[PDB]
Amino acid sequence: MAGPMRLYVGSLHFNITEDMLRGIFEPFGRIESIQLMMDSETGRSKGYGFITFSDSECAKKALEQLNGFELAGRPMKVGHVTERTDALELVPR
RNA sequence: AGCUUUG
Numbered sequence: 246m247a248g249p250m251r252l253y254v255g256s257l258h259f260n261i262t263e264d265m266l267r268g269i270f271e272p273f274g275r276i277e278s279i280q281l282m283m284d285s286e287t288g289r290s291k292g293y294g295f296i297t298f299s300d301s302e303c304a305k306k307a308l309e310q311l312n313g314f315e316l317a318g319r320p321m322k323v324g325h326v327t328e329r330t331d332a333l334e335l336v337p338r
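Each residue of the first sequence is one higher than the one before, starting from 246 at the first, in the entry's author numbering.
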């Protein structure tokens with residue numbers, strides 16, 4: 246099978262936690278890691294986070310399965326992860 | 001800290 250795969254997770258209430266995501270995506274694929282985003286200034290949640298799977302096809306499953314799932318009643322978004330530094334970084338000529 | 005939005 247393919248190697249591990251990592252996805253974005255969001256649209257989560259602050260009431261959501263890294264522990265719930267552990268039970269959310271695990272039955273779809275063996276979880277290799279999670280990183281729920283938290284504020285540097287207050288340590289509070291951010292309502293989104295990262296998660297890694299043992300297989301890309303198991304991540305792709307938990308993707309379309311939890312994509313719009315009403316976790317705590319709000320549809321959580323899921324999708325592939327990607328760089329974004331080019332969205333705002335710059336350098337002199 | 002509340003919302004799709006990304007290390």
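Heads up, the beta-carbon is just placed ideally off N, CA and C, and yes, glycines get one too.
Neighbour-count burial assignment, residue i, 16 or more Cβ in a 10 Å radius
i      : result
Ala307 : buried
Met321 : buried
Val254 : buried
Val336 : exposed
Length of the line joining the Cα atoms of residue i and residue j
i      : j      : result
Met250 : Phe295 : 11 Å
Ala317 : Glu334 : 35 Å
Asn260 : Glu271 : 20 Å
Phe314 : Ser256 : 10 Å
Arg338 : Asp331 : 16 Å
Close beta carbons around residue i, own chain, < 6 Å, minus the five adjacent residues each side
i      : result
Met282 : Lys291, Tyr293 and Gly294
Span of the alpha helix (DSSP H), counted from its first residue to its last, around residue i
i      : result
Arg267 : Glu263 to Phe270
Cutoff 7 Å; reference residue i; Cβ partners in own chain excluding five residues on either side
i      : result
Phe273 : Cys303, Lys306, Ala307 and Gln310
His258 : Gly292, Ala317 and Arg319
Simplified DSSP state of residue i, which is helix, strand or coil
i      : result
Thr330 : helix
Start-to-end residues for the beta strand (DSSP E) that takes in residue i
i      : result
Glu309 : Counting along the chain, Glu309 falls outside any beta strand (DSSP E), though it belongs to the alpha helix (DSSP H) covering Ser301 to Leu311.
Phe295 : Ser290 to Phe298
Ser278 : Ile276 to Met283
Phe314 : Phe314 to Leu316
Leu257 : Run containing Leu257: none; DSSP gives neither H nor E here.
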